[PDB]
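Okay, so here's just one chain, in structure tokens, the form deposited in one PDB entry.
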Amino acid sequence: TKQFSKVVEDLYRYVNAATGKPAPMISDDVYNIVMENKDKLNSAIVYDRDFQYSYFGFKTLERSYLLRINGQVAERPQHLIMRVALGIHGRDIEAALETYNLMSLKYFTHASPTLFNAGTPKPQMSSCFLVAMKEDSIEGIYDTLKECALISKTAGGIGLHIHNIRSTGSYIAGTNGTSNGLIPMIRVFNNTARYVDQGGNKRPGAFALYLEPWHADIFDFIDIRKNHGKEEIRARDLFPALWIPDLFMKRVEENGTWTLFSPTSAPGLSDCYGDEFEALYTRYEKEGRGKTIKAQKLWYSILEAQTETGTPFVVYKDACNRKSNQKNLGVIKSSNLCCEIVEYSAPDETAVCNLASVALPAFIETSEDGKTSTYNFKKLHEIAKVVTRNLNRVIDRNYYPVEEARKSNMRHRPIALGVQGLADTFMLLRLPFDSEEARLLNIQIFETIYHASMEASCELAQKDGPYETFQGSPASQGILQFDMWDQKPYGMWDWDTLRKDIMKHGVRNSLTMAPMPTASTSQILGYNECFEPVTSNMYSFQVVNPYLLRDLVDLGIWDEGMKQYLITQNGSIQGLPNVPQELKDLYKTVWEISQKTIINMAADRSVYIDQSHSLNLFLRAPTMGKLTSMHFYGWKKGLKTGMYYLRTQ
């Protein structure tokens, strides 16, 4: 079917034939809206815009995104986009059309759960949940398990922190028995992640687990992904993530000692950070409450697990807490599944985020005369304020799987904007990733996205009031993200006036920035993942980097001896017979870029990031000394997410 209202009509009237059950795929209010504005909405749609998707991006859309009736596809990409626009915007037709246009022209896109569920009856548009283990008891464990199950019924990944659970051998009152510890309890959770598929479909598993490196069960925990296992000791479908206090990095650097506690013989450690933590830790240590070991014995094991599995993830507890606008809430005990979100959670508050990404290439414009291109920072600023408003709408229109998630979200209203196609943007603008021009561009991009999102949230706070927990926040006092890094902003945008308005009117959102992986939403738009360099100049069907391809032909030098060398060399063009140094410098693979520049750039953009970002590390010829220096480099650079995956060859 062409006509959109006709498509909506089918979707809405759909009935499951195998069961005789009316199975509507559109909500009542979004049906009524479409029908009450059929002519406007149908004639707004430009189907020519369906041809903006590459063969692969469209096949990503077809396989898992466009709504289906009886297994056959029912939605054209333009129909999905308008459905999302209405689901987000409802009655505000003006904004719906604005978002339809911006999205269909590929200026930005919303995270997968949004694309799946916006305008449908069960509108669960959130990607992230961070859950607190409720209590160190069988009941608390099982209330928490139930909660993960209920959340796993819907789209979205889970970060779960377990710092409060009794380690192996700890005592259980009213029985000569002792605790089994973390591993056997992790196994239960792993099994629940395997069971709750949403049925029998394909994105299954995936809980990230958060632990501080002092927990006595740590050596087994970091190893939960080891493939050569002792079998029952592992958790195949779960991800270990380390919640590292500075003290640990210090002890490792000093080649000193590290002490392992059960939370029960050393209470309160995860409910403080910084100097208060170091004082409590050091006191417990001297009081003989734990099992002292050599710091570097744990370190060696961490690196060994990382080298082999790519995990555990590394997120610095102290950086996260010290530099968070949610610090008036209490101590943040975890990140999330992909290490971008940094939000407070408690037994009654399960932190949620809704994400979107701005497509960075869309703002490159030659508009001057011929050839020479610039970057439209003004349009970016403009779009980022649109994306900001959309994500607030989503907050209010979202259906929450559990009450801890609704209570959390309505209270603090956190939002997460990110990017895709940074590599595309550098490549188009003739900038090497490690160039000074790339370094500058990365700072200014993140500056304007942050400023925009903050300005738009301040405007929303004027219309609607600040978020419930604004007062007492570092924003209420004028302390914006970069301030908490003790830096002046780059200064492309007027921060004094914005800060002046925040202090006066509030912001609508406790948080706004968390550049995410964009793993599937980068494929729809056809750009490179988030903020990371190209991994290979040969996609695989087998595709060669389009900006590379173009360049080779313009030089004549593209034959077959060129096509074969690329498949040989893993899409690297370094040390290749007849290629200019300019291309070599431009089309470096991530394996060919100084992991130090990656971390520098990460640290530069990080002053404009409210939350954190999913920072993969790529080591070509990996060693323990090499990896050690990347961890400590990022740690001293003040990073929140020292490391997402360790990807290796």
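Definition used throughout: the rigid core is the maximal C-alpha set that superposes within 1.5 Å between two forms. Throughout, we count residues from 1 along the sequence that is shown. Shifts are known only where both forms have a C-alpha.
As for the form deposited in another entry, it is not shown, yet the points below apply to it.
Just one of the listed positions, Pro204, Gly274, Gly268, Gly169, moves its Cα by at least 2 Å between this form and the one not shown when the rigid core is held fixed, and it is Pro204. The rigid-core alignment places the CA of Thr372 2 Å or more apart between this form and the one not shown. A shift of at least 3 angstroms brings the Cα atoms of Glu75 and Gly200 nearer to each other in the other entry than in the displayed structure.
If you compare C-alpha positions, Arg203 and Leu422 are 3 angstroms or more farther apart in the other entry than in the form on display. By the rule of 2 Å per CA over three or more consecutive residues, the rigid core superposition between this form and the one not shown yields shifted runs at 198-200, 202-205, 369-373.
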